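Read the structure below first, then the notes.
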Amino acid sequence: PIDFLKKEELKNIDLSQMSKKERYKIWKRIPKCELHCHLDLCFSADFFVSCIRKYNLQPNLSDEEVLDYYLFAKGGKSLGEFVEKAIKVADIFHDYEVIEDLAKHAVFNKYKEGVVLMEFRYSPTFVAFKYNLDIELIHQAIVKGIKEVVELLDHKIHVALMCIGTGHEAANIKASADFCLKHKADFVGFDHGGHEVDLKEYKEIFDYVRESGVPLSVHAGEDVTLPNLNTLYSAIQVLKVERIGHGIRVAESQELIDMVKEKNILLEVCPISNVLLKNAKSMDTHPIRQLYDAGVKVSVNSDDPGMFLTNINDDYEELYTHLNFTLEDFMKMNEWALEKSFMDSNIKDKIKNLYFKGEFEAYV
Ligand SMILES: CSC[C@H]1O[C@@H](n2cnc3c2N=CNC[C@H]3O)[C@H](O)[C@@H]1O
Ligand SMILES: [Zn+2]
């Protein structure tokens, strides 16, 4: 059982005297609450390469060329290109067995990384398109795979699901919204991913989801190539989201920074994703430092461990190494993520008690 760091204990840890390996041991011991991780793009290199071989998908490529062709581990051009490679990766959604395996593995690896609260998200209609799978059996496979691992683990990690709509056709977004609500019992939130579009047009679809009791967190303010910040205004003012996926472009506008703070919105920051997709110049210039210092609530997230060949503790390493975040900062961020989690209040209460009970400093 991971020896999770406690709030009152952090002042005794000297990270400056540690090797990279020893720091990773400390990142593992942070009780992490992760809000933004696409389960359908969450795997290791090994898992991915097996899948490709299992279905004889690339007989002309070495393992290394398969990783290069399909994934984004060295970074790319833009979110646009990222969306194009995701489409390619859908080569592996061959059947429901591989899907269930994917879900077991993803949860197991989060557990070993020291995540205690995990909101996974996935896009059913996406996962279905390549082989025209049935979204109902896709969901059953994922829920089954998750339940089995959580049970095996004695509920040591708490997992919830969010449903993502993708694309810019009302028909597909509506079909996802209906699926999400049909499966309200499993889904705790509703998202939009894919190319970044202004969601204001789909107001009535999102209203209906939000008003049926499923809160919203949509991808917005990620893609630096958009000619304005309209997508952020829409998510906040029209969709009335509780959280924003990425939202890093909020840093470009004092008006938006004030809006997010005043509305108590949390930004689900994905540091490595933004650098690899060219939405931040380098980790040294990542807006999370500005936003955190401006008093915006932000949490740390991996986004797509499979596309980047990373895990959540790599994001912590980069933030510590490039931007000088501290263990205190990390604990504060995870407690914000805990408070803004869409999971049941009973579960959040348990987690608070288990991991976030003390205070950083003694009463004086
Ligand atoms: C199997 S991924 C299904 C999808 O969800 C989308 N997505 C996955 N990871 C992210 C996605 N969308 C936008 N921003 C990049 C990243 O956060 C992806 O482009 C595809 O549209
Ligand atoms: Zn994402």
Side-chain angles (χ1 to χ4, degrees), residues 34-43 47-48 51 70-73 75-94 98-99 102-103 106 118-131 133 135 138-139 141-142 161-169 172-173 175-176 179-180 189-199 216-226 231-232 235 241 243-249 266-280 298-310 312 315:
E34 180 177 18
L35 297 182
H36 197 126
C37 185
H38 297 256
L39 177 50
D40 39 6
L41 297 175
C42 186
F43 42 80
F47 184 92
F48 188 72
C51 280
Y70 279 111
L71 312 176
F72 226 73
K77 301 188 48 69
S78 66
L79 165 57
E81 188 184 7
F82 175 88
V83 181
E84 290 299 311
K85 310 205 57 161
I87 290 169
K88 286 191 239 306
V89 167
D91 285 357
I92 71 157
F93 300 140
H94 184 260
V98 71
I99 300 177
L102 180 43
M118 179 70 248
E119 297 186 3
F120 269 125
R121 58 182 68 185
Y122 83 96
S123 169
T125 64
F126 198 89
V127 173
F129 88 91
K130 185 75 92 193
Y131 297 85
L133 298 191
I135 55 176
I138 285 170
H139 187 76
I142 293 171
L161 284 170
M162 285 178 48
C163 184
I164 307 166
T166 61
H168 58 250
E169 304 180 22
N172 204 356
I173 301 192
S176 319
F179 192 75
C180 176
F190 186 54
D191 181 23
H192 176 277
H195 286 100
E196 195 182 309
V197 305
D198 185 329
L199 299 165
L216 306 186
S217 173
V218 302
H219 289 64
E222 180 192 3
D223 188 345
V224 290
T225 63
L226 309 176
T231 59
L232 279 168
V241 291
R243 303 188 326 223
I244 297 163
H246 307 282
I248 57 166
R249 297 191 68 190
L266 176 145
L267 303 187
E268 301 162 355
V269 185
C270 299
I272 291 166
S273 178
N274 295 150
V275 167
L276 297 176
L277 275 59
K278 277 196 148 38
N279 295 313
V298 300
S299 73
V300 180
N301 305 274
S302 65
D303 207 5
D304 310 274
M307 295 299 275
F308 312 137
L309 306 177
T310 55
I312 180 64
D315 298 85

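Below, all heavy atoms of this structure are taken into account, side chains as well, without hydrogens, waters or symmetry copies. This chain uses plain numbering: 1 for the first residue, then up along the sequence. We count ligands from 1, going down the list as the structure has it; atoms in each ligand are counted the same way.
Here the CG atom belonging to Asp191 is positioned 9.0 Å from the SG atom belonging to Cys163, to the nearest 0.5 angstrom.
Near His219, meaning under 4.0 Å from one of its heavy atoms, ligand 1 places the atoms 12 (N), 13 (C), 14 (N), 17 (O). Each of the atoms 13 (C), 14 (N), 15 (C) of ligand 1 lies under 4.0 Å from some heavy atom of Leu79. Heavy-atom contacts of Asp304 reach the following atoms of ligand 1: 8 (C), 9 (N), 10 (C), 16 (C) (cutoff under 4.0 Å).
For residue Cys270, no N/O/S atom approaches the Zn ion (ligand 2) to within less than 2.8 Å. Taking backbone and side-chain atoms together, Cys37 has no N/O/S atom less than 2.8 Å away from the Zn ion (ligand 2). With 2.8 Å as the limit, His246 does not count as an N, O or S neighbour of the Zn ion (ligand 2). Taking 2.8 Å as the threshold, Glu268 does not count as a candidate ligand of the Zn ion (ligand 2), since none of its N, O or S atoms lies below it.
Among all protein heavy atoms, the one lying closest to atom 20 (C) of ligand 1 is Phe126 CE1, 3.7 Å. Protein heavy atom closest to atom 16 (C) of ligand 1, with residue, atom name and distance, is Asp303 OD2, 3.2 Å. Protein heavy atom at the shortest distance from atom 11 (C) of ligand 1 is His38 CE1, 3.8 Å.
Contacts between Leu41 and ligand 1 below 4.0 angstrom, taking non-hydrogen atoms only, involve the side chain exclusively. With a heavy-atom cut-off of 4.0 Å, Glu222 touches ligand 1 through its side chain alone. With a heavy-atom cut-off of 4.0 Å, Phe82 touches ligand 1 through its side chain alone.
Across all their heavy atoms, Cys51 and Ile92 have their closest contact at CB-CG2, 3.8 Å. Closest of all the heavy-atom pairs between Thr166 and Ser123 is CG2-OG, 3.6 Å. For the pair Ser302 and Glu34, the tightest heavy-atom approach, listed with the atom from each and the gap, is OG-OE2, 2.6 Å.
Rounded to the nearest 10 degrees, the angle OD1 (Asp303) to the Zn ion (ligand 2) to NE2 (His219) equals 170°.
For the Zn ion (ligand 2), the nearest N, O or S atom contributed by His38 is named NE2.
By the 3.5 Å distance cut-off applied to N or O atoms, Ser123 is not counted among the residues near ligand 1. Looking at ligand 1, you won't find any N or O of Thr166 less than 3.5 Å from one of its N or O atoms. Every N/O-N/O distance between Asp40 and ligand 1 stays at or above 3.5 Å.
Counting heavy atoms from C-beta on, the side chains of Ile142 and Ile99 come closer than 4.5 Å. Contact of the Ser78 side chain with the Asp223 side chain is not registered, since no non-hydrogen atoms from C-beta on lie closer than 4.5 Å.
A salt bridge does not link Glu84 to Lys77: none of the charged side-chain nitrogens sits closer than 4.0 Å to a carboxylate oxygen. Under a 4.0 Å N-O distance rule, the pair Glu196/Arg249 does not qualify as a salt bridge.
The closest donor-acceptor contact from the side chain of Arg121 to the backbone of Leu35 lies under 3.5 Å. With hydrogens and angles disregarded, no donor-acceptor distance shorter than 3.5 Å links the side chain of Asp315 to the backbone of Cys270.
Remark: of the listed residues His38, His195, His192, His38 is the sole one forming a ring-ring contact (aromatic ring centres under 6.0 Å, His included) with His219. When the options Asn301, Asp304, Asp303 are evaluated for a side chain to side chain donor-acceptor pair (under 3.5 Å) with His36, the one that passes is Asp303.
For the residues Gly80, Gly194, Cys42, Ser273, the heavy atom positioned nearest atom 18 (C) of ligand 1 is part of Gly194.
Ligand 1 lies within reach of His246, whose nearest heavy atom is under 4.0 Å from it. Under a 4.0 Å heavy-atom criterion, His36 is in contact with ligand 1.
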